[PDB]
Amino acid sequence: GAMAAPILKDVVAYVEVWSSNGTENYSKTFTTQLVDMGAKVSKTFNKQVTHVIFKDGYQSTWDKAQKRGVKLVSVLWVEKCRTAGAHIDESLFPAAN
């Protein structure tokens, strides 16, 4: 008899999710989902960011995440956290570049 913490408590996410052809930015779709699970979302990739949700984004974002050891996760990671109702290991659903 105890209620769970917000699923993505303490996650501070920057979202860069584009269509493959680069014409459409879907970052708002995923910002909303993250906030509903208790993450904070930053409009900029600043020093407080812990996670970058990345799909077909900018190479500079990829390289900066790698340099800083910020977790680079796919939109599938977001889905799988929602499905599990739990903060799933980021190693399971890495982003691809």
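Don't overthink the numbering: it's just position in the shown sequence, from 1.
Undergrad: If you average the CA temperature factors as listed in the entry, which stretch comes out higher, 47 to 55 or 32 to 40?
TA: Higher mean C-alpha B-factor in the PDB entry: 32 to 40.
Undergrad: Mean Cα B factor from the PDB record: higher for 72 to 80, or higher for 15 to 23?
TA: Averaging CA B-factors over each stretch, the winner is 15 to 23.
Undergrad: By its CA B factor, does residue 60 count among the lowest, middle or highest third of the modelled residues in the chain?
TA: Middle third - that is where residue 60 ends up once the chain's C-alpha B-factors are sorted.
Undergrad: Is residue 8 in the lowest, middle or highest third of its chain when residues are ranked by C-alpha B-factor?
TA: For residue 8, whose C-alpha B-factor we compare with every modelled residue in the chain, the answer is the middle third.
Undergrad: Looking at the entry's B-factor column for C-alpha atoms only, identify whether residue 95 ranks in the lowest, middle or highest third of its chain.
TA: Ranked within chain, residue 95 CA B lands in the lowest tercile.
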